[PDB]
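Protein chains in written order, with the deposited numbering: chain B, 1 to 114; chain C, 1 to 114; chain A, 1 to 114. Even for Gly, the Cβ is constructed at its ideal location relative to N, Cα and C.
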Amino acid sequence: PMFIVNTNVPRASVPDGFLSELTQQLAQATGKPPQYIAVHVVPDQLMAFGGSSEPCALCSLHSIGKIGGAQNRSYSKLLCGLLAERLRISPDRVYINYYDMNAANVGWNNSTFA
Amino acid sequence: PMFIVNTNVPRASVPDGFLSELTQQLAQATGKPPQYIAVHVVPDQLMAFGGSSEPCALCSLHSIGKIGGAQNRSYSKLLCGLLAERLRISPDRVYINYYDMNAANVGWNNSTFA
Amino acid sequence: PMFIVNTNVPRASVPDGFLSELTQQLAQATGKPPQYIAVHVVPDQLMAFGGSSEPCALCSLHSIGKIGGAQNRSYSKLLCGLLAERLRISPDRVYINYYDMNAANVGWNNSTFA
Ligand SMILES: CC1(C)C=Cc2c(ccc3c2OC[C@@H](c2ccc(O)cc2O)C3)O1
Ligand SMILES: [Cl-]
Ligand SMILES: [Cl-]
Ligand SMILES: [Cl-]
Ligand SMILES: [Cl-]
Ligand SMILES: [Cl-]
Ligand SMILES: [Cl-]
Ligand SMILES: [Cl-]
Ligand SMILES: [Cl-]
Ligand SMILES: [Cl-]
Ligand SMILES: [Cl-]
Ligand SMILES: [Cl-]
Ligand SMILES: [Cl-]
Ligand code: NA
Numbered sequence: 001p002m003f004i005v006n007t008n009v010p011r012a013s014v015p016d017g018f019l020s021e022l023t024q025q026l027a028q029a030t031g032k033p034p035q036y037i038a039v040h041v042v043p044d045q046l047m048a049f050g051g052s053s054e055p056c057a058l059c060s061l062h063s064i065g066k067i068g069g070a071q072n073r074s075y076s077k078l079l080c081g082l083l084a085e086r087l088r089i090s091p092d093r094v095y096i097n098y099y100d101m102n103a104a105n106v107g108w109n110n111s112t113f114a
Numbered sequence: 001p002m003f004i005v006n007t008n009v010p011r012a013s014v015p016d017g018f019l020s021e022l023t024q025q026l027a028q029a030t031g032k033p034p035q036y037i038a039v040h041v042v043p044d045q046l047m048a049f050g051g052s053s054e055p056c057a058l059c060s061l062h063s064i065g066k067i068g069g070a071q072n073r074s075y076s077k078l079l080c081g082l083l084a085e086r087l088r089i090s091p092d093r094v095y096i097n098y099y100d101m102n103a104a105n106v107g108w109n110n111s112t113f114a
Numbered sequence: 001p002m003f004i005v006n007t008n009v010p011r012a013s014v015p016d017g018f019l020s021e022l023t024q025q026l027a028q029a030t031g032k033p034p035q036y037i038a039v040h041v042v043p044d045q046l047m048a049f050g051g052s053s054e055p056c057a058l059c060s061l062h063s064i065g066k067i068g069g070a071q072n073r074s075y076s077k078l079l080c081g082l083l084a085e086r087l088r089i090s091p092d093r094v095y096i097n098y099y100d101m102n103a104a105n106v107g108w109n110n111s112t113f114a
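Shown next as structure tokens:
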């Protein structure tokens, strides 16, 4: 799986250990080994949410499977909770797009997962 | 909806108010209230279009609904016009990918829209 | 087509010719003229892959057609080869998401390709 967060919060507000915390919590949440989890945090972005540039985040979670109605509600609580606690971003200023990828459409190490 | 523009134009060339204009014009175009529109502008990128590093932009518009053949033509005329007039990017150096998101796959405010 | 690479490798380690090399190699691989290939390289990113911060890349390739099981397996070899040789990234620290775009969902030059 791959989790990306884009935010206007400054880099200095991203706590040391945040990427590891995302890696471990997503491993627990998705049930996938942490070795398959990639995380990407992009601070200091020029963004607006609802026309306001108060702290916000635009995120995506891509996974081969483990995406679905109930699971995505659970991921959203987890991820909004982390963004609120660690980056001080209000959950109503977070969007997370979820993507269930077909294995044939995910390349890794000179092949795909199909 | 979420609109992202990545461009090699420098940050100082992005006019004051551009994120507000995008918010307002996309609210009008999509018919969604501006409170639901998020915008993300990423200048100073290392990009090429057709092998040329002249000004260009790579964009995406994600929305729950309001995506389709005729609508996307209209969005493209609007957005290429704005990138040309505001950022001085030729419309034939712009790509915009459009994504119709299922509500179950969009997280917000500790939940999803499903 | 559009190819995006996000990486934690520093900007100074990205060769000046890399976007042009990607453009030409992707034109040959996809069979599309280079004028329609766009490339975007984002260095210096805060990322982890499998919980560690050694060089890695998260990439995407979007194309109207020329996407599929066998083609994607081939693209992964090309793109891992380029990222390994030019950016010194191990191929098992590369993910590439592939997207077969509908022409109606790709805007360009004030319209879409539909
Ligand atoms: C960090 C990374 C990239 C995560 C993917 C990965 C790996 C090392 C070994 C394997 C990995 O994912 C694929 C796994 C595998 C491959 C093909 C398949 O059909 C099923 C799998 O579970 C083996 O390191
Ligand atoms: Cl996965
Ligand atoms: Cl592991
Ligand atoms: Cl589910
Ligand atoms: Cl897919
Ligand atoms: Cl929406
Ligand atoms: Cl339509
Ligand atoms: Cl969807
Ligand atoms: Cl294309
Ligand atoms: Cl494209
Ligand atoms: Cl280049
Ligand atoms: Cl194929
Ligand atoms: Cl599509
Ligand atoms: Na996408």
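Buried/exposed call for residue i, threshold 16 Cβ in 10 Å
i                : result
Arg88 (chain B)  : exposed
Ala38 (chain B)  : buried
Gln71 (chain B)  : buried
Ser76 (chain B)  : buried
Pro55 (chain C)  : buried
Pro15 (chain A)  : exposed
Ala103 (chain B) : exposed
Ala29 (chain B)  : buried
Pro33 (chain B)  : exposed
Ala57 (chain C)  : buried
Residues bridged to residue i (per DSSP)
i                : result
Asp100 (chain B) : B:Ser63
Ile4 (chain C)   : C:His40, C:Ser60
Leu87 (chain C)  : Answer by DSSP bridge pairing: none, since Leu87 (chain C) is not bridged.
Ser53 (chain B)  : Answer is none; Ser53 (chain B) lacks a bridge partner.
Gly31 (chain B)  : Its beta-bridge partners do not exist; DSSP assigns none.
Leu19 (chain C)  : Bridge partners of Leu19 (chain C): none, in fact.
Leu46 (chain B)  : C:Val41
As assigned by DSSP and simplified to three states, the class of residue i
i                     : result
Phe113 (chain B)      : coil
residue 132 (chain A) : In the structure as shown, chain A starts at 1 and stops at 114, and residue 132 (chain A) therefore has no counterpart that could be examined.
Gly81 (chain C)       : helix
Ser13 (chain A)       : helix
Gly69 (chain A)       : helix
Environment of ligand 3 in chain order, Cβ to heavy atom below 5 Å: For ligand 3, the selected residues are B:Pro33, B:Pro34, B:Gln35.
Validate contact between the region 4-24 of chain C and the region 7-24 of chain A using beta carbons, cut 8 Å, 3 pairs: Counting C-beta pairs with one atom in each stretch, the region 4-24 of chain C and the region 7-24 of chain A have fewer than three that are closer than 8 Å, which means they do not touch.
Cβ contact check for the region 101-110 of chain A and the region 18-36 of chain C: 3 or more pairs under 8 Å: The region 18-36 of chain C and the region 101-110 of chain A do not touch, with fewer than three beta-carbon pairs separated by less than 8 Å.
Ligand 6 site residues, beta-carbon cut 5 Å against heavy atoms: One residue after another in chain order, those with a Cβ under 5 Å from a heavy atom of ligand 6 are C:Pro1, C:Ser63, C:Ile64.
Heavy atoms of ligand 4 versus C-beta positions, residues under 6 Å: Matched residues: B:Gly68, B:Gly69, B:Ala70, B:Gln71.
Neighbouring residues (CB closer than 6 Å to any heavy atom of ligand 8): Going by the Cβ distance cut-off, the answer is C:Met101, C:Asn102, C:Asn105.
Contact the region 38-50 of chain C vs the region 25-44 of chain A: 3+ CB pairs below 8 Å: Contact annotation: the region 38-50 of chain C touches the region 25-44 of chain A, with at least three C-beta pairs closer than 8 Å.
Three CB pairs or more closer than 8 Å across the region 79-96 of chain A and the region 49-64 of chain C: Contact between the region 79-96 of chain A and the region 49-64 of chain C is not established, with fewer than three Cβ pairs separated by less than 8 Å.
Pocket of ligand 11 (residues with CB nearer than 5 Å to any heavy atom), chain order: Near ligand 11, residues with a Cβ at less than 5 Å from any of the ligand's heavy atoms are A:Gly17, A:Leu19, A:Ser20; the list follows chain order.
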